[PDB]
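Below, chains carry the letters A, B, ... as their sequence lines are ordered, and counting in each starts from 1.
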Amino acid sequence: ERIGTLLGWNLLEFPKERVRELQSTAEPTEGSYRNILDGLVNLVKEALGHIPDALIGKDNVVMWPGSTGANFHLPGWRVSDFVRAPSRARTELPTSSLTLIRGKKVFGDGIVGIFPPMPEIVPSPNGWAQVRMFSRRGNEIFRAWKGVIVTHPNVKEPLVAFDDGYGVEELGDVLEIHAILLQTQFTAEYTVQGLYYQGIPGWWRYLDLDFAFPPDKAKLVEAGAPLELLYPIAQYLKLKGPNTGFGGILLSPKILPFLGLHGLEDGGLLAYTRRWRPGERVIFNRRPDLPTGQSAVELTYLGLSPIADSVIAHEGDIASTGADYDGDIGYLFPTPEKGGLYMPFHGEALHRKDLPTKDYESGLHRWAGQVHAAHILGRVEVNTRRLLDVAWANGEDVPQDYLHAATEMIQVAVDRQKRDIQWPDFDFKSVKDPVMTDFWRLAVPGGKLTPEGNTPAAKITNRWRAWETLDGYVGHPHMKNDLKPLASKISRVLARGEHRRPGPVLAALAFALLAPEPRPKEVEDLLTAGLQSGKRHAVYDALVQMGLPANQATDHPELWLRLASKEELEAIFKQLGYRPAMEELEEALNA
Amino acid sequence: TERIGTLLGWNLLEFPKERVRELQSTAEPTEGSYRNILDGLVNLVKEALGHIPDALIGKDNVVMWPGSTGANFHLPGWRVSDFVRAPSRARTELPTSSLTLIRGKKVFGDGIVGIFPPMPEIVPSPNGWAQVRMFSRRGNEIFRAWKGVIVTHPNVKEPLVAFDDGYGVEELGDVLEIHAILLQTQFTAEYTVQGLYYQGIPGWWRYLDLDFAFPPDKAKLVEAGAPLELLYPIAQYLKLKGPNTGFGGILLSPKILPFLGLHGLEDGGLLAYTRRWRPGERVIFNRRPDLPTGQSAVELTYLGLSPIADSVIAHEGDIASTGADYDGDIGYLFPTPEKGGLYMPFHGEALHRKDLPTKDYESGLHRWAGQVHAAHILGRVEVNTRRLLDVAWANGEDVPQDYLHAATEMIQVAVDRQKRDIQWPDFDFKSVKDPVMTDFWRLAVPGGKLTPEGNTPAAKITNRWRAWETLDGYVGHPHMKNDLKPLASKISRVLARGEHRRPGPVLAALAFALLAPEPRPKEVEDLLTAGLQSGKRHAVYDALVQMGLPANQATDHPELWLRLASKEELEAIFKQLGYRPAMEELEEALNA
Ligand SMILES: [Mg+2]
Ligand SMILES: [Mg+2]
């Protein structure tokens with residue numbers, strides 16, 4: 001459940017295709033912006049007569065107080081940054097508890113609290129959380145903070161960075177703290193964008209094929225389920241790099257004295273891992289990866305960070321990446337000499353910070369800017385990658401000027417989500433043909449090797465079929481040529497599982513499993529509901545969640561498979577003479 | 001959830017309740033009737049398995065047997081019935097070598113089998129209790145087993161087991177496996193119809209009155225000012241109540257006190273985990289079932305706190321007439337007559353049980369037939385005795401003491417026949433064919449407890465409360481019938497106030513007053529769709545409530561919405577719809 005929600009705010013969401021239709025024609029102009037605002041007004045007005053006061057939104061989502069919800073003493077537009085995020089865990093401290101350290105960016109630009117252990121929002125005594133915090137009384141909120149809270153046993157008193165807050169100087173009689181992201185490490189893989197901007201020569205030679213099964217299906221695989229039950233296997237394919245990095249929350253060395261620790265040498269970094277030794281070089285990375293290559297920089301690892309699951313690095317060292325400490329993830333990869341795929345940036349970053357600023361009139365205008373800028377950001381990003389393909393095909397490079405200009409546009413597009421900045425002069429150079437970037441967008445949507453969430457099992461085989469048609473795309477000759485062995489591997493895996501369908505296995509299971517044990521009326525009722533309405537799967541998800549016993553489900557093999565234990569799975573597969581899926585998949589990999 | 005036996009690897013089989021009820025239908029206190037039931041039950045099992053497995057046990061419509069797989073008990077087959085059927089609510093394991101084995105039959109009190117250091121795994125309070133089954137085990141063998149109550153206390157340094165109250169062989173396994181079958185709690189302490197018939201003060205019926213009991217989801221509606229329409233039919237939430245309530249706790253022996261490092265207890269006095277009485281105050285002790293003589297209720301002196309939570313401690317000799325022991329029995333304390341209690345203390349103080357030839361049943365199967373058969377007789381004798389009181393009270397007379405004694409004995413043997421093959425005494429049934437007040441009580445207060453066992457469908461509960469209109473149809477004590485008239489009218493006014501106040505229009509109106517449903521997962525859509533189309537709305541809503549759907553997302557299903565909404569949201573919507581709170585209207589009906 002969202003923050004604003006728990007403050008009683010209203011959440012209305014639109015069909016995402018409405019917003020996407022609006023964005024399709026967006027240009028970096030005033031007239032295009034205008035277009036977006038108009039159509040967004042239409043969506044809201046159609047839904048409830050007027051533009052409610054203090055309304056904010058992002059993409060297809062809109063929220064507003066009314067007077068049913070809590071009230072903010074900050075500009076209307078600013079409040080978007082506080083209401084939309086999920087409250088994953090909450091806690092409250094009396095204003096009287098608090099020590100108010102003074103200075104802007106005192107703990108590091110984005111770190112807002114430094115506290116004693118707090119097992120209510122932070123699992124580690126020496127941990128962190130990304131948070132929103134509110135100084136409130138009743139239904140007032142006078143001052144609010146967004147960013148990171150650090151936790152440590154050497155810290156005696158809750159420290160709060162006062163001047164980093166938003167609102168006005170007065171405080172309530174509480175601090176409510178919502179953790180929007182709980183302490184964790186982050187998967188650290190190379191991305192398509194990063195490989196296009198800073199990848200070593202011939203980086204594509206080091207991509208390989210892998211499988212990722214959700215724990216559900218991992219249990220089947222481990223128990224020796226047959227290939228039939230993984231149909232279509234494409235749903236479980238992923239590319240992988242030759243190694244992975246470290247990923248943790250990015251923190252500032254400015255926190256170290258507040259922990260009773262010493263500072264940190266220039267050019268050096270700490271990280272909560274023993275994978276590097278003091279003295280060794282590492283590649284520091286922070287996303288988005290920018291067209292110049294400046295998102296990846298070489299720094300010296302100098303030892304353990306005091307905070308779990310974190311990277312500590314100086315503002316000056318990571319300025320080119322555009323990083324800060326309000327939730328950014330810091331990734332560390334091995335250097336090229338040590339097997340890394342990202343090359344360190346050398347030289348001249350655009351020294352950006354302070355010039356053509358200006359606020360949005362209102363939450364609504366801010367929302368229109370976000371929606372508008374989001375479209376441009378993608379257009380510039382994709383475009384730059386297409387051009388690199390066109391260039392590489394010829395044997396030329398895209399001029400550095402362009403990469404610098406594209407970068408500045410990207411950075412403004414991100415900025416234009418917060419405030420009303422002037423669009424720089426940018427010539428979107430056309431692209432004639434399908435290029436490899438178009439291929440990459442099919443095969444690896446979003447650019448990340450670990451696929452996100454949602455692709456219907458119906459469409460996913462088509463994605464992995466694209467590897468057949470490499471030769472139809474303009475791009476670098478060695479890239480298209482050297483991808484052929486990986487394309488072949490992919491083809492074999494698909495070919496092995498094509499035509500191996502689950503139907504006969506589910507039918508056999510129904511005959512090999514004992515009669516169902518006696519089950520409550522609730523359960524019979526749901527099961528009846530599912531079958532008569534053709535919504536088995538909703539019913540099954542329910543029953544899985546409600547901890548139904550395996551032996552009560554044997555007349556529903558699909559459901560049974562989700563409740564059975566290791567032992568029961570192993571037994572039934574042996575009884576039916578199945579060859580383990582994995583043996584078949586290894587054979588297809590290695591042929 | 002999960003029967004001990006199931007966890008021991010035993011097989012189980014429930015049969016339709018009707019197969020059993022049919023055999024019981026014609027049960028008589030004779031060996032021939034017994035053999036009827038046995039032959040019937042034998043058939044039941046054989047239809048399923050083709051044979052009666054070794055070591056089968058059974059109660060009512062449930063049988064278990066170990067088969068190829070189940071734990072092997074070094075105990076007579078018939079005895080295992082008492083260890084394998086009960087629910088396993090919580091479990092631990094102690095190594096044999098941890099235990100101190102105290103010797104002597106009934107050394108901790110008859111029914112108490114263990115005195116232990118605090119054990120949060122099965123007992124919530126450091127000075128609490130659990131009703132348990134304990135098994136001395138090695139691999140698949142169970143050598144010795146105990147049934148009864150465990151007590152824990154901070155003063156107890158080592159786990160103490162009453163070894164000689166164990167059942168089976170003397171060799172121990174290497175683990176003592178403990179299953180809690182009932183967790184520490186107090187128990188509702190209300191007067192019953194049986195208890196009032198047998199021990200009630202003169203005119204006890206005058207002190208019964210009407211009350212409401214809403215389950216928490218309905219109390220939420222009430223407190224927020226829902227309209228009477230949403231309670232339809234109100235009969236669902238009616239109960240009778242007594243003029244006062246007692247204390248109910250687990251019953252423990254004073255023999256535990258030295259083992260807790262405490263001093264003993266004077267004769268004639270009891271301890272309980274309550275401050276409601278002062279040391280010195282007289283109190284009425286009660287143990288169920290209530291027996292026809294009135295001997296289930298006795299006056300004892302309350303002397304102070306019990307060291308154990310949610311418990312009552314009283315002497316074997318003091319409670320003998322009630323037939324109580326300490327293996328899980330519940331002790332109830334009620335105020336004396338002089339202080340507004342409805343139970344009179346027994347003074348005729350003489351049980352004196354005559355000796356009836358008795359021997360062990362031959363097998364679990366024979367014991368099962370034993371309880372099935374005897375459960376029927378027990379029912380018949382107890383109802384019948386109350387009917388006889390109605391007849392006598394109608395004629396201005398009394399049932400003779402001897403009849404009460406004989407009926408009590410029959411009841412006791414009927415209980416005992418569930419354990420062992422005891423001879424039936426000679427008992428003249430002296431049956432009653434005319435409708436008597438006892439028949440009214442069975443309609444109005446099924447089972448005799450004021451707090452209804454709540455498995456009557458909505459469609460039938462109104463008819464139950466309608467029986468209050470029919471008092472003239474029943475022979476019994478003339479003042480009982482006349483004096484119940486005020487209570488009957490009150491019931492009548494409440495039913496009539498809610499009659500024709502149906503929920504439909506209010507549900508329809510909430511659909512039009514609630515905001516649009518905020519966005520919801522697709523599986524929630526699909527579930528709701530499955531419910532609508534299949535006609536299983538309610539199974540879906542039960543699921544969605546349990547999976548904790550937010551109210552926000554259910555506003556187009558008002559029945560579901562009422563189950564999810566907050567106090568604030570309920571109050572708000574009832575105000576906007578102009579409803580009068582059900583409680584104001586209910587109060588008006590009561591007070592008219
Ligand atoms: Mg940032
Ligand atoms: Mg007993």
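- Between atom OG of residue B:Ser534 and atom CG of residue A:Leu527 there is a gap of 11.0 Å, rounded to the nearest 0.5 Å.
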Is there a side-chain contact (heavy atoms from CB on, under 4.5 Å) between A:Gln532 and B:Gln533? Walk through the geometry before answering.
CA-CA 8 Å; A:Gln532 294 189 343; B:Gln533 303 191 4; over 6 Å; no
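- The local environment of CZ in B:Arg21 is sparse, with at most 12 non-hydrogen atoms from other residues, nucleotides or ligands closer than 6.0 Å.
- Atom CG of A:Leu11 sits about 9.0 Å away from atom CD of B:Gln553, to the nearest 0.5 Å.
- For NZ of A:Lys566, the number of neighbouring non-hydrogen atoms (other residues, nucleotides, ligands) closer than 6.0 Å is greater than 12.
- For chain B, the nearby part of A:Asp541 is the side chain; its heavy atoms alone come within less than 4.5 Å.
- Atom CD of A:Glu1 is surrounded by 12 or fewer heavy atoms from other residues, nucleotides or ligands within 6.0 Å.
- The 12-atom threshold is exceeded at CZ of A:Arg519, counting heavy atoms of other residues, nucleotides or ligands nearer than 6.0 Å.
- Annotation: the span from A:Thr5 atom OG1 to B:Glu518 atom CD amounts to 6.0 Å, rounded to 0.5 Å.
- With a 6.0 Å radius and a threshold of 12 heavy atoms from other residues, nucleotides or ligands, B:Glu453 has its CD atom at or below the threshold.
- Taking CG of A:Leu526 as the start and NZ of B:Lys536 as the end, the distance is 10.0 Å to the nearest 0.5 Å.
- Across A:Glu522 and B:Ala539, no two heavy atoms sit closer than the pair O-CB, 4.1 Å.
- Counting non-hydrogen atoms of other residues, nucleotides and ligands closer than 6.0 Å to CG of A:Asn462 gives a total above 12.
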